[PDB]
file structure-v5.pdb (PDB, C-alpha atoms)
ATOM      1  CA  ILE A 980       6.228  -4.966 -41.983
ATOM      2  CA  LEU A 981       7.702  -6.350 -38.758
ATOM      3  CA  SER A 982       4.274  -7.091 -37.283
ATOM      4  CA  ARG A 983       2.939  -8.565 -40.523
ATOM      5  CA  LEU A 984       5.452 -10.816 -42.358
ATOM      6  CA  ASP A 985       7.577 -13.842 -41.540
ATOM      7  CA  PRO A 986      11.365 -13.686 -41.086
ATOM      8  CA  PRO A 987      12.301 -15.277 -44.445
ATOM      9  CA  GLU A 988      10.735 -12.486 -46.530
ATOM     10  CA  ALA A 989      11.033  -9.697 -43.953
ATOM     11  CA  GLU A 990      14.772 -10.234 -44.400
ATOM     12  CA  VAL A 991      14.800  -9.285 -48.084
ATOM     13  CA  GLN A 992      12.390  -6.390 -47.528
ATOM     14  CA  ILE A 993      14.564  -4.821 -44.842
ATOM     15  CA  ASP A 994      17.703  -5.400 -46.930
ATOM     16  CA  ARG A 995      16.142  -3.431 -49.789
ATOM     17  CA  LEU A 996      15.186  -0.577 -47.466
ATOM     18  CA  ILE A 997      18.614  -0.512 -45.798
ATOM     19  CA  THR A 998      20.431  -0.397 -49.136
ATOM     20  CA  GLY A 999      18.393   2.556 -50.370
ATOM     21  CA  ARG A1000      18.758   4.583 -47.188
ATOM     22  CA  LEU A1001      22.514   3.955 -46.999
ATOM     23  CA  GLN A1002      22.910   5.142 -50.597
ATOM     24  CA  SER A1003      21.136   8.399 -49.759
ATOM     25  CA  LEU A1004      23.291   8.944 -46.665
ATOM     26  CA  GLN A1005      26.529   8.487 -48.611
ATOM     27  CA  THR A1006      25.478  10.990 -51.273
ATOM     28  CA  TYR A1007      24.625  13.594 -48.629
ATOM     29  CA  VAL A1008      27.992  13.132 -46.911
ATOM     30  CA  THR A1009      29.900  13.674 -50.160
ATOM     31  CA  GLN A1010      28.017  16.896 -50.907
ATOM     32  CA  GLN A1011      28.721  18.247 -47.421
ATOM     33  CA  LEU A1012      32.445  17.532 -47.766
ATOM     34  CA  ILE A1013      32.713  19.456 -51.037
ATOM     35  CA  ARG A1014      30.875  22.474 -49.623
ATOM     36  CA  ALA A1015      33.153  22.474 -46.571
ATOM     37  CA  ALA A1016      36.247  22.567 -48.784
ATOM     38  CA  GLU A1017      34.955  25.582 -50.711
ATOM     39  CA  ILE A1018      34.151  27.404 -47.462
ATOM     40  CA  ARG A1019      37.698  26.730 -46.239
ATOM     41  CA  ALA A1020      39.120  28.372 -49.364
ATOM     42  CA  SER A1021      36.948  31.457 -48.880
ATOM     43  CA  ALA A1022      37.999  31.694 -45.227
ATOM     44  CA  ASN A1023      41.696  31.668 -46.125
ATOM     45  CA  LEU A1024      41.183  34.475 -48.636
ATOM     46  CA  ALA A1025      39.301  36.529 -46.041
ATOM     47  CA  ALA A1026      42.081  36.017 -43.497
ATOM     48  CA  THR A1027      44.685  37.217 -45.992
TER      49      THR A1027
ATOM     50  CA  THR B 345     -24.867 -28.038 -48.182
ATOM     51  CA  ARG B 346     -25.062 -26.338 -51.594
ATOM     52  CA  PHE B 347     -22.156 -24.319 -52.981
ATOM     53  CA  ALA B 348     -21.993 -22.278 -56.198
ATOM     54  CA  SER B 349     -21.014 -23.220 -59.733
ATOM     55  CA  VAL B 350     -18.054 -21.981 -61.756
ATOM     56  CA  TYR B 351     -19.751 -19.190 -63.708
ATOM     57  CA  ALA B 352     -22.162 -17.905 -61.044
ATOM     58  CA  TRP B 353     -20.018 -17.910 -57.906
ATOM     59  CA  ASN B 354     -21.576 -16.151 -54.922
ATOM     60  CA  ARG B 355     -20.247 -12.996 -53.233
ATOM     61  CA  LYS B 356     -20.525 -12.728 -49.445
ATOM     62  CA  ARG B 357     -19.843  -9.552 -47.466
ATOM     63  CA  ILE B 358     -19.080  -9.648 -43.731
ATOM     64  CA  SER B 359     -18.398  -6.942 -41.138
ATOM     65  CA  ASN B 360     -19.235  -5.787 -37.607
ATOM     66  CA  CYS B 361     -18.251  -9.062 -35.952
ATOM     67  CA  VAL B 362     -15.240 -11.046 -34.753
ATOM     68  CA  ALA B 363     -13.540 -13.722 -36.873
ATOM     69  CA  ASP B 364     -11.877 -16.231 -34.542
ATOM     70  CA  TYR B 365      -9.104 -17.455 -36.843
ATOM     71  CA  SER B 366      -7.530 -19.395 -33.952
ATOM     72  CA  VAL B 367      -9.920 -22.287 -34.700
ATOM     73  CA  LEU B 368      -8.275 -23.140 -38.011
ATOM     74  CA  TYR B 369      -6.098 -26.228 -37.378
ATOM     75  CA  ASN B 370      -9.236 -28.183 -36.484
ATOM     76  CA  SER B 371     -11.036 -28.862 -39.785
ATOM     77  CA  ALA B 372     -10.467 -31.094 -42.779
ATOM     78  CA  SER B 373      -6.791 -30.332 -43.248
ATOM     79  CA  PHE B 374      -6.443 -27.555 -45.803
ATOM     80  CA  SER B 375      -4.243 -28.815 -48.618
ATOM     81  CA  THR B 376      -3.802 -25.173 -49.706
ATOM     82  CA  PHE B 377      -2.841 -22.529 -47.139
ATOM     83  CA  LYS B 378      -1.079 -20.321 -49.697
ATOM     84  CA  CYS B 379      -1.339 -16.811 -48.245
ATOM     85  CA  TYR B 380       0.146 -13.777 -50.023
ATOM     86  CA  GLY B 381       0.595 -10.337 -48.506
ATOM     87  CA  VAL B 382      -0.009 -12.107 -45.191
ATOM     88  CA  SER B 383       1.794 -14.633 -42.978
ATOM     89  CA  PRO B 384      -1.130 -16.812 -41.844
ATOM     90  CA  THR B 385       0.464 -18.605 -38.870
ATOM     91  CA  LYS B 386      -1.079 -17.092 -35.720
ATOM     92  CA  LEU B 387      -1.267 -13.465 -36.919
ATOM     93  CA  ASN B 388      -4.976 -12.638 -36.595
ATOM     94  CA  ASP B 389      -4.272  -9.354 -34.770
ATOM     95  CA  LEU B 390      -5.103  -6.879 -37.571
ATOM     96  CA  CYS B 391      -8.275  -4.912 -38.295
ATOM     97  CA  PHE B 392      -9.459  -5.027 -41.909
ATOM     98  CA  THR B 393     -12.043  -2.755 -43.494
TER      99      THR B 393
END

call {"tool": "encode", "arguments": {"input": "structure-v5.pdb", "output": "structure tokens"}}
result
Amino acid sequence: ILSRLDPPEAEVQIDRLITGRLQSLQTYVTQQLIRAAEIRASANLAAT
Amino acid sequence: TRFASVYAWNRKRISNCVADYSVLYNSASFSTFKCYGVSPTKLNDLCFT
């Protein structure tokens, strides 16, 4: 895409791609946080 | 000298050669240079099938 198109349309193409990838990253981060919390609870029970 | 008509337009197939697109701003000035999927200004660096 970089080697092919002009700036004015390459802009909108890369904005679309960036938006999608950022959405995916945010979802993954949220899932990891929830799993970490559950693991913390299990660890406290084991320590007790 | 002779082109084709509306209904019986000719099909031409070209390969195994080099298409010097650099000599393009040298003819009867193209009123239409509408190019989709492609940015035509000095980007003749791709190999088509």

call {"tool": "interface_residues", "arguments": {"input": "structure-v5.pdb", "of": "chain B", "to": "chain A", "cutoff": "9 Å", "atoms": "only C-alpha atoms", "output": "short mmCIF file (atom, residue, chain, number, x, y, z; two decimals) with C-alpha atoms, in the frame of the given file"}}
result
data_model
loop_
_atom_site.label_atom_id
_atom_site.label_comp_id
_atom_site.auth_asym_id
_atom_site.auth_seq_id
_atom_site.Cartn_x
_atom_site.Cartn_y
_atom_site.Cartn_z
CA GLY B 381 0.60 -10.34 -48.51
CA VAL B 382 -0.01 -12.11 -45.19
CA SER B 383 1.79 -14.63 -42.98
CA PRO B 384 -1.13 -16.81 -41.84
CA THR B 385 0.46 -18.60 -38.87
CA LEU B 387 -1.27 -13.46 -36.92
CA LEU B 390 -5.10 -6.88 -37.57
#

call {"tool": "residues_around", "arguments": {"input": "structure-v5.pdb", "residues": "range 347-361 of chain B", "least_positions_apart": "5", "cutoff": "12 Å", "atoms": "only C-alpha atoms", "output": "ChimeraX atom specification"}}
result
/B:391-393

call {"tool": "atom_distance", "arguments": {"input": "structure-v5.pdb", "atom1": "CA of residue 1027 in chain A", "atom2": "CA of residue 1008 in chain A"}}
result
29.3 Å

call {"tool": "atom_distance", "arguments": {"input": "structure-v5.pdb", "atom1": "CA of residue 377 in chain B", "atom2": "CA of residue 987 in chain A"}}
result
17.0 Å

call {"tool": "atom_distance", "arguments": {"input": "structure-v5.pdb", "atom1": "CA of residue 980 in chain A", "atom2": "CA of residue 386 in chain B"}}
result
15.5 Å

call {"tool": "axis_aligned_box", "arguments": {"input": "structure-v5.pdb", "around": "range 992-1008 of chain A", "padding_each_side": "5 Å", "output": "JSON"}}
result
{"center_x": 20.2, "center_y": 3.6, "center_z": -48.1, "size_x": 25.6, "size_y": 30.0, "size_z": 16.4}

call {"tool": "build_atoms", "arguments": {"input": "structure-v5.pdb", "residues": "range 351-373 of chain B", "atoms": "N, CA and C atoms", "output": "PDB file, in the coordinates of the input"}}
result
ATOM      1  N   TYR B 351     -19.442 -20.474 -63.091  1.00  0.00           N
ATOM      2  CA  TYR B 351     -19.751 -19.190 -63.708  1.00  0.00           C
ATOM      3  C   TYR B 351     -20.475 -18.238 -62.764  1.00  0.00           C
ATOM      4  N   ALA B 352     -21.290 -18.755 -61.846  1.00  0.00           N
ATOM      5  CA  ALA B 352     -22.162 -17.905 -61.044  1.00  0.00           C
ATOM      6  C   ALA B 352     -21.778 -17.940 -59.572  1.00  0.00           C
ATOM      7  N   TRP B 353     -20.483 -17.843 -59.284  1.00  0.00           N
ATOM      8  CA  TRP B 353     -20.018 -17.910 -57.906  1.00  0.00           C
ATOM      9  C   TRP B 353     -20.572 -16.762 -57.072  1.00  0.00           C
ATOM     10  N   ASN B 354     -20.870 -17.064 -55.811  1.00  0.00           N
ATOM     11  CA  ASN B 354     -21.576 -16.151 -54.922  1.00  0.00           C
ATOM     12  C   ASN B 354     -20.580 -15.202 -54.262  1.00  0.00           C
ATOM     13  N   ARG B 355     -21.034 -13.989 -53.956  1.00  0.00           N
ATOM     14  CA  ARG B 355     -20.247 -12.996 -53.233  1.00  0.00           C
ATOM     15  C   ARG B 355     -20.872 -12.779 -51.862  1.00  0.00           C
ATOM     16  N   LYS B 356     -20.065 -12.910 -50.814  1.00  0.00           N
ATOM     17  CA  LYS B 356     -20.525 -12.728 -49.445  1.00  0.00           C
ATOM     18  C   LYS B 356     -19.734 -11.606 -48.788  1.00  0.00           C
ATOM     19  N   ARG B 357     -20.441 -10.725 -48.088  1.00  0.00           N
ATOM     20  CA  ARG B 357     -19.843  -9.552 -47.466  1.00  0.00           C
ATOM     21  C   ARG B 357     -20.098  -9.585 -45.964  1.00  0.00           C
ATOM     22  N   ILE B 358     -19.032  -9.451 -45.177  1.00  0.00           N
ATOM     23  CA  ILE B 358     -19.080  -9.648 -43.731  1.00  0.00           C
ATOM     24  C   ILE B 358     -18.408  -8.459 -43.058  1.00  0.00           C
ATOM     25  N   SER B 359     -18.998  -7.986 -41.962  1.00  0.00           N
ATOM     26  CA  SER B 359     -18.398  -6.942 -41.138  1.00  0.00           C
ATOM     27  C   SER B 359     -19.127  -6.900 -39.804  1.00  0.00           C
ATOM     28  N   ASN B 360     -18.641  -6.025 -38.921  1.00  0.00           N
ATOM     29  CA  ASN B 360     -19.235  -5.787 -37.607  1.00  0.00           C
ATOM     30  C   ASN B 360     -19.395  -7.093 -36.829  1.00  0.00           C
ATOM     31  N   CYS B 361     -18.284  -7.807 -36.694  1.00  0.00           N
ATOM     32  CA  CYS B 361     -18.251  -9.062 -35.952  1.00  0.00           C
ATOM     33  C   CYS B 361     -16.791  -9.415 -35.697  1.00  0.00           C
ATOM     34  N   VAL B 362     -16.580 -10.558 -35.054  1.00  0.00           N
ATOM     35  CA  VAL B 362     -15.240 -11.046 -34.753  1.00  0.00           C
ATOM     36  C   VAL B 362     -15.027 -12.379 -35.460  1.00  0.00           C
ATOM     37  N   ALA B 363     -13.883 -12.514 -36.125  1.00  0.00           N
ATOM     38  CA  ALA B 363     -13.540 -13.722 -36.873  1.00  0.00           C
ATOM     39  C   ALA B 363     -12.434 -14.443 -36.111  1.00  0.00           C
ATOM     40  N   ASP B 364     -12.823 -15.451 -35.335  1.00  0.00           N
ATOM     41  CA  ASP B 364     -11.877 -16.231 -34.542  1.00  0.00           C
ATOM     42  C   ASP B 364     -11.112 -17.148 -35.487  1.00  0.00           C
ATOM     43  N   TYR B 365      -9.961 -16.678 -35.962  1.00  0.00           N
ATOM     44  CA  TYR B 365      -9.104 -17.455 -36.843  1.00  0.00           C
ATOM     45  C   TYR B 365      -8.267 -18.481 -36.091  1.00  0.00           C
ATOM     46  N   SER B 366      -8.253 -18.420 -34.759  1.00  0.00           N
ATOM     47  CA  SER B 366      -7.530 -19.395 -33.952  1.00  0.00           C
ATOM     48  C   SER B 366      -8.046 -20.811 -34.167  1.00  0.00           C
ATOM     49  N   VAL B 367      -9.343 -20.964 -34.416  1.00  0.00           N
ATOM     50  CA  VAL B 367      -9.920 -22.287 -34.700  1.00  0.00           C
ATOM     51  C   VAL B 367      -9.780 -22.487 -36.204  1.00  0.00           C
ATOM     52  N   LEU B 368      -8.570 -22.851 -36.615  1.00  0.00           N
ATOM     53  CA  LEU B 368      -8.275 -23.140 -38.011  1.00  0.00           C
ATOM     54  C   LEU B 368      -7.558 -24.462 -38.225  1.00  0.00           C
ATOM     55  N   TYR B 369      -6.764 -24.933 -37.265  1.00  0.00           N
ATOM     56  CA  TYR B 369      -6.098 -26.228 -37.378  1.00  0.00           C
ATOM     57  C   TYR B 369      -6.973 -27.318 -36.755  1.00  0.00           C
ATOM     58  N   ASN B 370      -8.262 -27.294 -37.109  1.00  0.00           N
ATOM     59  CA  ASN B 370      -9.236 -28.183 -36.484  1.00  0.00           C
ATOM     60  C   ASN B 370     -10.242 -28.745 -37.482  1.00  0.00           C
ATOM     61  N   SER B 371     -10.092 -28.436 -38.763  1.00  0.00           N
ATOM     62  CA  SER B 371     -11.036 -28.862 -39.785  1.00  0.00           C
ATOM     63  C   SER B 371     -10.374 -29.908 -40.677  1.00  0.00           C
ATOM     64  N   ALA B 372     -11.087 -30.303 -41.730  1.00  0.00           N
ATOM     65  CA  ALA B 372     -10.467 -31.094 -42.779  1.00  0.00           C
ATOM     66  C   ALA B 372      -9.232 -30.367 -43.289  1.00  0.00           C
ATOM     67  N   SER B 373      -8.075 -31.002 -43.098  1.00  0.00           N
ATOM     68  CA  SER B 373      -6.791 -30.332 -43.248  1.00  0.00           C
ATOM     69  C   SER B 373      -6.675 -29.653 -44.604  1.00  0.00           C
TER      70      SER B 373
END
